[PDB]
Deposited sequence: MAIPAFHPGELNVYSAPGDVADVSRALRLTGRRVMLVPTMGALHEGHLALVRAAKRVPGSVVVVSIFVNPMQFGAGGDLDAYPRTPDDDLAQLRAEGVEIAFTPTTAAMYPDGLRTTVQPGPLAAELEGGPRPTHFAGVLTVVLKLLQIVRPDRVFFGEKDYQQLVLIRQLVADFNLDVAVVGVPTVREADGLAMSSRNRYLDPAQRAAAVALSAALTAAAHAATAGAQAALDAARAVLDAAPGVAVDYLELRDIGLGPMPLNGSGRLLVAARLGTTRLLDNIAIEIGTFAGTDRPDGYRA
């Protein structure tokens, strides 16, 4: 009956889905606005940008989930220290068994977008992501949930989940945090050797070049991006695609998104950027 212990202004850590559900419900009834930032731990500046965006909302209480979904790199104590330093009041750290007490059973089947782009090499990846995101949304019942624009296809699929299942949450996409030279933040970046790390800037350089080339039209944008990637050694491009903002076919003019994925040695990198045609 009693609500689990919660101490305002401190980092409260809960591993039981029931506990965070009860605390979240109690906080909502005290008027606070529950913000959710889902992560897979091993926190970096990208995740912290999500946290800071959530904190800006007046009356916010921020819930950061840390869960490695086996269905879709673990430094527990440093993660929590970072969150404490950011003023996060709730960390939700469940086990696989807690999230999946009956094993894999009912799941989310995404639409056809999930088979495209990243879903090429990993046809079940987004099913896993949308299943765990749905569950976190139901457990926490946040007013808003924050995702990076980094994993843009993921973000679009989440927006499809929310629309399709009539979820009441607001989905907030946060602009990608980048290193000084433009490389999109990722825990994978540290795996690159110096030659690879130098070559890796070509992804962001190609995309930014395309965004500015776009005054000259879609083909000029695509060709500019390809030219930049073509100037990099050891960058195996998996795709470079200009789509509309919802990842359907790019319209003749208007707003779109340019997405790229590439392999450097054994490391796969992704990037994307807003494009306006003409």
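Stretches of the deposited sequence absent from the structure, as judged by C-alpha coordinates, are 73-82, 289-301.
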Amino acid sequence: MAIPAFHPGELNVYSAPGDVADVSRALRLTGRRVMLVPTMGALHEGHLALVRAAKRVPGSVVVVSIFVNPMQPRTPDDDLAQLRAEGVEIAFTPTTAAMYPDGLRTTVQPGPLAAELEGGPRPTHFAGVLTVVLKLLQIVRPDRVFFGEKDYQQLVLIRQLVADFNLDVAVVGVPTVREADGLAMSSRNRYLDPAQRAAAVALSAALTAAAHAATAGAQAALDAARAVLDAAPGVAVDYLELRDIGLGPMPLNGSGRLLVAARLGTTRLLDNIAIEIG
From here on, numbers count along this sequence of modelled residues.
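For clarity, a rigid core is taken as the largest C-alpha set superposing within 1.5 Å between two forms.
For the pair 252-260 and 266-274, rigid core superposition yields a higher RMS C-alpha distance in 9 other deposited structures of this protein in 252-260.
For 26-34 versus 241-249, the mean Cα distance to the shown form in 9 other deposited structures of this protein after rigid core alignment is larger for 241-249. Compared against other deposited entries of this protein, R74 counts as often unmodelled, lacking coordinates in at least a third of those that resolve the residues around it. The PDB entry records a higher mean C-alpha B factor for 178-186 than for its counterpart among 178-186 and 158-166. Mean C-alpha B-factor is higher over 187-195 than over the other stretch, the pair under comparison being 149-157 and 187-195. Among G173, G111, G128, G87, the highest C-alpha B-factor in the deposited entry belongs to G87. Sort the modelled residues of the chain by CA B factor and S204 lands in the lowest third. Sorting the modelled residues of the chain by their CA temperature factor places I273 in the lowest third. Ranked by C-alpha B-factor against the other modelled residues of its chain, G41 falls in the highest third. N69: CA B factor lies in the highest third for its chain, per the PDB record.
Sort the modelled residues of the chain by CA B factor and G217 lands in the middle third.
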